[PDB]
Amino acid sequence: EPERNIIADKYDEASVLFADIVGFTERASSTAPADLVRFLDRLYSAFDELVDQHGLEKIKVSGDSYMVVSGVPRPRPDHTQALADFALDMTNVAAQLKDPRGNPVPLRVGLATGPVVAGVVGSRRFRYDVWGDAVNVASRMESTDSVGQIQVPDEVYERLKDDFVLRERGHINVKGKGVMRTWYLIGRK
């Protein structure tokens, strides 16, 4: 049954992360849906542990993705930095796990900051959900990410540049809109 909206509110500013493990479908890998589910549950349980250790908020999403949010529902003035630190731990932890073949986990991570909408949605049962501008951006940062990096837009770079190390990935000129630039979040300063 499709979910429906119940209540929502706009938040001026929050930070949103998406992560996934790309190419772990039965189609792509031939691994049985049950073995996939077990290996993913391990990886996602590791991320669950990091979310709790960091005091952040996991948003139950449908689909392959893992979603984490900072400064929504409850604001914190370091929301971007806190999600960056969590993102770094998430990719550094995943880098110590391997698939069953002993190959690196093909993790993608995108991270964005900006307005969002949050509230309650549900079908039979309900859950807290977050969507809108920064979620859209985070989603695109994750789905065009190079595997093993953390991709972020300019807005995140402006907010983090003094305290983390970032390297520019590239830019594209879109006439007549403007320039689209993204960065890799590499580490802490």
Side-chain angles (χ1 to χ4, degrees), residues 1-3 15-37 39-42 44-63 65-70 80-113 121-123 127-131 134-153 156-157 160 164-170 182-188:
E1 164 175 6
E3 297 191 311
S15 301
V16 179
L17 169 149
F18 284 107
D20 71 352
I21 310 305
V22 67
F24 276 42
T25 59
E26 184 180 16
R27 179 169 54 202
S29 65
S30 282
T31 320
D35 300 57
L36 289 182
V37 162
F39 171 87
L40 268 125
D41 284 0
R42 181 194 297 104
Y44 286 3
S45 297
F47 299 165
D48 285 355
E49 183 68 29
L50 291 171
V51 172
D52 290 356
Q53 290 198 178
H54 288 261
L56 300 178
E57 174 98 6
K58 183 189 172 165
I59 300 300
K60 275 63 199 174
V61 301
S62 49
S65 274
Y66 188 91
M67 184 187 185
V68 179
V69 114
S70 174
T80 314
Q81 291 79 7
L83 192 63
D85 279 330
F86 162 91
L88 289 161
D89 285 354
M90 146 180 276
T91 63
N92 293 322
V93 163
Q96 310 321 127
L97 302 173
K98 300 289 180 189
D99 60 21
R101 299 169 56 183
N103 289 336
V105 173
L107 215 212
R108 300 189 295 186
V109 187
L111 196 164
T113 295
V121 303
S123 57
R127 58 179 190 84
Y128 196 70
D129 200 16
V130 177
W131 62 96
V135 180
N136 299 343
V137 176
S139 174
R140 200 150 46 65
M141 293 303 94
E142 99 97 293
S143 63
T144 64
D145 186 33
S146 43
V147 173
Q149 301 299 135
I150 304 155
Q151 190 180 34
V152 310
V156 171
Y157 169 83
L160 300 180
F164 292 81
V165 17
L166 300 104
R167 290 299 184 248
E168 185 179 328
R169 182 200 185 158
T182 72
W183 302 77
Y184 289 132
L185 164 74
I186 303 307
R188 301 161 180 98

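Heads up: numbering here begins at 1 and tracks the sequence.
For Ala82 against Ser70, the heavy-atom pair with the smallest separation is CB-OG, 4.1 Å. Annotation for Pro153 and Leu111: closest pair CD-O, 3.1 Å, computed over non-hydrogen atoms. When all heavy atoms are compared, the tightest approach of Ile150 to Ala87 is CD1-O, 3.6 Å. Contact detail for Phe39 and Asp99: the closest heavy-atom pair is CE1-CA, 3.8 Å. The shortest heavy-atom contact between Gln151 and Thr182 is NE2-OG1, 2.6 Å. Between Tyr44 and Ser65, the shortest heavy-atom distance links the atoms OH-C, 4.0 Å.
Within the 4.5 Å cutoff, the side chain of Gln53 has no heavy atoms near those of the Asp89 side chain. Between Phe47 and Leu17, every side-chain heavy-atom pair lies at or beyond the 4.5 Å cut-off. In this structure, the side chains of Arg108 and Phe18 stay at 4.5 Å or more apart for every pair of heavy atoms. Side chains of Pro100 and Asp35 form no contact here, defined as non-hydrogen atoms less than 4.5 Å apart. Side-chain contact check for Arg188 versus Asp85: some heavy-atom pair is nearer than 4.5 Å. Residues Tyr128 and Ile59 meet the side-chain proximity criterion, which asks for heavy atoms closer than 4.5 Å. In this structure, the side chains of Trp131 and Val121 come closer than 4.5 Å at one or more pairs of heavy atoms. Between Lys58 and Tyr66, the closest side-chain pair of non-hydrogen atoms falls below 4.5 Å.
One finds the CG atom of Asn103 at 8.0 Å from the NZ atom of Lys98 (value rounded to the nearest 0.5 Å). To the nearest 0.5 angstrom, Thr91 atom OG1 is 9.5 Å from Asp145 atom CG. Atoms CG and CG, on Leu50 and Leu88 in that order, are 11.0 Å from each other to the nearest 0.5 Å.
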Walk me through whether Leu107 and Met90 qualify under side-chain contact (heavy atoms from CB on, under 4.5 Å).
CA-CA 9 Å; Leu107 215 212; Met90 146 180 276; 4.0 Å; yes
From CA spacing to verdict: side-chain contact (heavy atoms from CB on, under 4.5 Å), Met67, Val16:
CA-CA 7 Å; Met67 184 187 185; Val16 179; 3.8 Å; yes
Checking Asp129 against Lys60 for the side-chain contact (heavy atoms from CB on, under 4.5 Å) test, could you report, in this order, the C-alpha distance in whole Å, the side-chain angles of both residues, the deciding distance, and whether it holds?
CA-CA 7 Å; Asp129 200 16; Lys60 275 63 199 174; over 6 Å; no
Please walk me through it: do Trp183 and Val156 pass side-chain contact (heavy atoms from CB on, under 4.5 Å)?
CA-CA 9 Å; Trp183 302 77; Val156 171; over 6 Å; no
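Here the options are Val130, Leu56, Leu83, the test is side-chain contact (heavy atoms from CB on, under 4.5 Å), and the partner is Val69; only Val130 passes.
Of the possible polar contacts, none joining the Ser139 side chain to the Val135 backbone as a donor-acceptor pair under 3.5 Å is found. A distance-only check finds no donor-acceptor pair linking the side chain of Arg169 to the backbone of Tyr184 [under 3.5 Å].
Side-chain contact check for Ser62 and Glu3: no donor-acceptor pair (N or O, by modelled atom type) lies under 3.5 Å.
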